[PDB]
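Colleague:
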RNA sequence: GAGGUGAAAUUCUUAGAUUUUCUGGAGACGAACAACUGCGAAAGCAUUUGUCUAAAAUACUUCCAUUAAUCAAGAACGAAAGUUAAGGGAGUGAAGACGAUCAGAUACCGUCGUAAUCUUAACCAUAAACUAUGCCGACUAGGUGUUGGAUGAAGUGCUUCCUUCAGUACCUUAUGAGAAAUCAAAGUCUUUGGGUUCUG
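Chains as they are written, first to last, in the entry's author numbering: chain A6, 8 to 104; chain SP, 25 to 151; chain SU, 3 to 151; chain Ah, 2 to 85; chain SB, 24 to 233; chain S3, 2 to 96; chain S4, 7 to 82.
1. What span of residues does the beta strand (DSSP E) with residue 209 (chain SB) cover, start to end?
2. Does the beta carbon of residue 144 (chain SU) come closer than 8 Å to any beta carbon on chain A6?
3. For the segment 31 to 49 of chain SP, which residues have a beta carbon sitting closer than 7 Å to at least one beta carbon of chain SB?
4. Under 8 Å, Cβ to Cβ, is there at least one residue of chain SP near residue 9 (chain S3)?
5. Name, please, each residue of chain SP whose Cβ falls closer than 9 Å to the Cβ of residue 53 (chain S3).
6. Scan the segment 43 to 82 of chain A6 and note each continuous beta strand (DSSP E) run of 3 residues or more that stays entirely inside, going in chain order.
7. Counting along the chain, where does the alpha helix (DSSP H) carrying residue 187 (chain SB) start and finish?
8. Got a sec, what are the start and stop residues for the beta strand (DSSP E) residue 139 (chain SB) sits in?
9. Check whether chain SU comes within 8 Å of residue 26 (chain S4), counting only Cβ atoms and requiring the distance to be less than that.
10. When the cut-off is 8 Å and only beta carbons count, does residue 81 (chain SP) lie next to chain SB?
11. Please classify residue 181 (chain SB) as buried or exposed, where buried requires at least 16 other C-beta atoms within 10 Å of its C-beta.
12. Residue 78 (chain SB): buried (16+ other C-beta within 10 angstroms of its C-beta) or exposed?
13. Might you give, ordered along the chain, the residues of its own chain that have their beta carbon closer than 8 Å to the beta carbon of residue 54 (chain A6), omitting 5 neighbours on each side?
14. Ends of the beta strand (DSSP E) at residue 44 (chain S4)?
15. Report the rounded CA-to-CA distance for residue 57 (chain SU) versus residue 24 (chain SU), giving the unit in angstroms.
16. Quick one: using the 10 Å Cβ neighbour count with 16 as the cut-off for buried, is residue 82 (chain SB) buried or exposed?
17. What residue does the alpha helix (DSSP H) around residue 33 (chain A6) start on, and which one ends it?
18. Around the Cβ of residue 29 (chain SB), are there at least 16 other Cβ atoms within 10 angstroms (buried) or fewer (exposed)?
19. Does any C-beta atom of chain SU lie closer than 8 Å to the C-beta of residue 80 (chain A6)?
20. Anyone know if the C-beta pair for residue 28 (chain SP) and residue 47 (chain SP) falls short of 8 Å?
21. At a Cβ cut of 8 Å, what residues of the segment 38 to 68 of chain SU count as close to chain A6, listed as they run along the chain?
22. Using 8 Å as the threshold, is the C-beta distance between residue 44 (chain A6) and residue 74 (chain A6) below it?
23. When you measure from the CB of residue 44 (chain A6) to every non-hydrogen atom of the ligand ZN, does any distance come out below 7 Å?
24. Would you mind stating whether residue 88 (chain SU) and residue 126 (chain SU) have Cβ atoms separated by less than 8 Å?
25. Quick check on DSSP: helix, strand or coil for residue 30 (chain Ah)?
26. Whole angstroms is fine: what's the gap from residue 5 (chain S4)'s alpha carbon to residue 109 (chain SU)'s?
27. So who's on the other strand from residue 46 (chain SP), going by DSSP bridges?
28. Taking Cβ positions only, does residue 151 (chain SU) come closer than 8 Å to chain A6?
29. Extract the residue ranges of the alpha helix (DSSP H) inside the segment 43 to 119 of chain SU, only unbroken runs of 4 or more that lie entirely within it.
30. Looking at the secondary structure, which residues open and close the alpha helix (DSSP H) in which residue 52 (chain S3) lies?
31. Give the residues of chain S3 in contact with residue 147 (chain SP), contact being defined as C-beta atoms less than 7 Å apart.
32. How many angstroms separate the CA atom of residue 155 (chain SB) from the CA atom of residue 116 (chain SB)?
33. Are any of the Cβ atoms in chain SU nearer than 8 Å to that of residue 59 (chain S4)?
34. Taking the CB atoms as reference points, tell me whether residue 112 (chain SB) and residue 214 (chain SB) lie closer together than 8 Å.
35. Would you say residue 19 (chain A6) lies against chain SU (beta-carbon separation less than 8 Å)?
36. Less than 8 Å between the C-beta atoms of residue 56 (chain SP) and residue 115 (chain SP), yes or no?
Structure, rendered in structure tokens:
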């Protein structure tokens with residue numbers, strides 16, 4: 008029972024706070040600095056992982072590899088592959104610490 | 025000056041193997057059993073056969089010079105029976121009355137931790 | 003018991019006293035304020051009531067406030083669109099389906115999946131018997147993963 | 002509607018060849034022709050191209066495998082290798 | 024036969040008698056060296072008959088020959104196990120039986136696989152027939168016992184290990200630690216086996232024998 | 002009829018048991034039915050025991066106490082006089 | 007005469023008239039001097055208000071409390 | 001000379017069988033602990049370890065607010081045996097060969113030995129699948145236990161006793177029953193009706 012915590016936190020944050028996902032959208036968020044933390048899928052191509060992680064460390068933001076693959080669609084509430092998440096406005100959730 | 029030798033006594037409801045070996049456990053000294061003693065095709069495990077064979081090996085070992093004997097008791101096998109055969113007690117009695125030095129007696133009859141199927145089917149034997 | 007055997011008579015019994023406890027002085031206004039804030043902070047209503055009873059000491063909310071917990075949560079529009087029990091049971095359903103796809107040999111898992119999905123259909127029929135659910139719900143086993151929202 | 006009861010994909014062979022060799026063959030081509038999930042993209046779009054190569058339409062990144070199964074018990078020794 | 028010669032045996036220095044018996048070897052004719060056949064055998068002697076004491080009549084140690092000069096051999100520790108009669112006599116119904124084993128590599132690059140047998144305790148005030156413990160309790164017993172044994176079985180050398188098997192300073196501390204969780208009864212080490220040993224070390228073996 | 006209340010086996014809240022084999026005949030019997038005797042018989046009879054003891058050494062050597070734990074099927078048990086038919090009114094009494 | 011029964015405490019829960027075995031307590035921490043309210047047979051951990059310290063170990067029974075303190079049944 | 005038997009024979013054995021001991025392989029199984037003990041709806045499930053998954057029991061001043069019971073149709077699992085396809089194939093071992101005993105013996109007994117038994121993927125849906133007692137629900141009588149809890153008290157943070165749950169058996173009693181054997185449920189039935197299905 009390790010990833011159940013992150014699953015629940017993501018479930019709460021989708022209800023509670025503004026969210027953006029998609030490669031171009033997350034790039035824009037990290038460039039403008041609005042992003043607060045990024046969730047990256049495990050099976051995402053290594054180039055995307057490297058570029059997102061480098062941009063995060065340059066822009067002073069968090070980063071978190073998910074426990075599983077790019078089937079975060081079943082967890083995030085959508086119905087399609089997503090493979091990357093940027094949380095622009097954390098709502099009332101315990102994801103920061 | 026005291027020297028020890030192993031004596032395997034194998035009693036399996038039949039011929040009582042007497043097998044005196046070097047204390048190490050290889051290159052045995054004298055193997056007599058009970059078969060070549062009784063020619064009646066029966067009573068191999070009878071006390072008479074074991075007693076006389078044991079007294080013969082006692083005389084032979086007196087001649088050789090070894091006196092101290094450890095005892096290793098084996099009975100049939102892990103798949104046929106579990107109790108020592110009738111002739112084992114007679115062999116022990118004969119070795120006691122022989123005059124040979126006796127050491128330690130121990131049981132080495134194999135005990136199967138597994139449950140390998142033994143002879144006769146589910147209905148079992150009929151005698 | 004619904005399945006297997008065993009009555010399991012263990013449960014919780016509410017006290018004979020139905021008014022507010024005489025020692026209590028806390029006011030409902032702050033009681034509803036605190037419950038709304040916490041249920042927004044994130045917790046399902048059963049444990050919401052549990053933590054209200056434990057950490058906050060407001061026994062018999064139906065007595066200390068003139069309304070029940072689900073109704074005071076829903077009256078502000080924050081109400082979850084699926085009931086607590088059905089949501090939890092569907093989560094269990096998707097969990098053992100995720101396991102059984104990996105392992106097609108677990109026969110007791112198959113048994114309990116059949117049992118739980120029968121319970122799912124029964125409870126869904128009950129909840130749509132009232133006006134407490136969209137009438138178009140069918141719960142196909144395909145979109146069960148994302149149906150939790 | 003359902004044009005056939007049980008023959009299914011092997012109806013292309015007509016009445017020739019015995020049932021003990023048609024039911025036997027049907028066991029495998031059903032899961033051969035069906036597309037498979039791709040690890041590299043998560044899109045179930047990997048088909049067959051030859052006797053031993055599977056290709057994802059989305060990835061355009063082909064992977065070797067068995068004759069008709071992308072994975073097989075003889076190929077699930079990766080767990081023993083990877084436990085190290 | 025009449026072509027064989029006596030061969031006395033020797034044991035490492037720490038023991039009390041260091042000389043228990045005489046083995047037998049065939050003649051010295053070719054093409055055998057009359058030494059390779061002697062080498063690589065196994066032994067069995069009571070620790071009671073090797074230390075002249077009654078208390079230690081329930082354990083036996085195998086000895087494997089490792090070096091030969093002149094007439095007397097040198098042997099080496101090869102295996103420890105328990106006597107079958109006391110092994111059986113310990114086990115009786117009404118108590119659950121606890122078994123444990125693991126593999127530990129020693130400080131001397133030696134691999135020894137060992138077993139322990141444990142029993143429950145009636146104690147005084149239970150006034151009942153059965154004396155069984157919970158499955159989780161037994162699992163904790165097994166985990167704690169393996170963790171305890173591996174420390175003192177790896178941090179020391181094999182000579183110190185085999186000497187510490189003489190006063191049995193393992194079971195006493197096993198009992199002391201398990202006192203705080205669940206009381207036990209007579210607990211011991213059933214069998215020791217040599218999983219693997221490196222090549223011959225003449226210098227170390229001869230210094231340990233002297 | 003229902004001659005025996007427990008059905009010749011302690012089977013209760015159980016579905017199946019691992020079956021063992023009879024020592025004598027080899028027939029398969031479930032564990033909770035076969036007669037079991039946990040037996041402690043000496044290696045040799047006392048007559049030879051005496052001579053062994055005073056022909057032994059250390060003056061404290063003790064002869065081993067062997068263990069058996071043997072089992073028997075119903076038919077072999079009743080054949081080898083391991084059990085008695087007893088009487089109906091007494092049949093219920095065990096110990 | 008089962009109606010005026012008196013010693014039915016020893017009887018199982020949901021006796022003649024159901025009555026919970028639980029109760030509420032007021033705990034005073036020794037040397038910390040603060041007031042708070044606590045529920046016996048709770049199911050979640052609790053910390054004080056004045057100084058954040060560990061109170062209870064939640065178990066299926068009546069909770070473990072702390073080594074010291076003075077708890078009084080707040081029942082009226 | 002060895003297996004062998006109530007005997008004997010078949011069989012193996014001067015090319016060293018049976019037997020002691022050491023090393024490597026294989027397959028099987030997990031005894032002794034083990035029980036009128038546990039879990040599983042049922043068939044079943046006893047070495048250790050890790051992962052994943054479920055269920056039940058207690059306690060609750062937590063929620064839901066009638067969401068329940070049994071079921072024609074239907075569905076899921078379903079011992080051994082058997083069949084299909086690969087693997088694997090020790091031991092046992094339907095077939096069969098034999099050697100015996102026998103008035104004869106195709107069998108009981110003895111030697112060998114094929115299908116099989118074991119693993120993966122599917123069928124087959126039958127058993128004395130037996131507490132032969134369908135399931136749910138209230139009541140009537142006590143004791144002895146015993147498995148897992150929970151409460152209070154005491155031999156010394158630990159160990160027993162008091163009480164109470166859920167199982168779970170046993171022993172006695174029935175102005176209860178029945179044809180009896182017997183049964184605390186097969187009882188609360190001519191003073192005949194708690195609900196429900198199936199069957200003769």
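Even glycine gets a Cβ: it sits at the ideal position worked out from N, Cα and C.
Modeller: Quick answer:
1. 207 to 219
2. no
3. 46, 47, 48, 49
4. no
5. 116, 117, 119, 120, 126, 129
6. 44 to 47
7. 181 to 187
8. 134 to 143
9. yes
10. no
11. buried
12. exposed
13. none
14. 43 to 45
15. 19 Å
16. buried
17. 30 to 39
18. exposed
19. yes
20. yes
21. 42, 43, 44
22. no
23. Annotation note on the ligand ZN: not contained in the displayed structure, which lists no ligands.
24. yes
25. helix
26. Coverage of chain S4 is limited to positions 7 through 82, which leaves residue 5 (chain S4) absent and any answer about it impossible.
27. 29 (chain SP)
28. yes
29. 47 to 53, 63 to 66, 71 to 76, 86 to 104
30. 47 to 55
31. 28
32. 11 Å
33. no
34. no
35. yes
36. no
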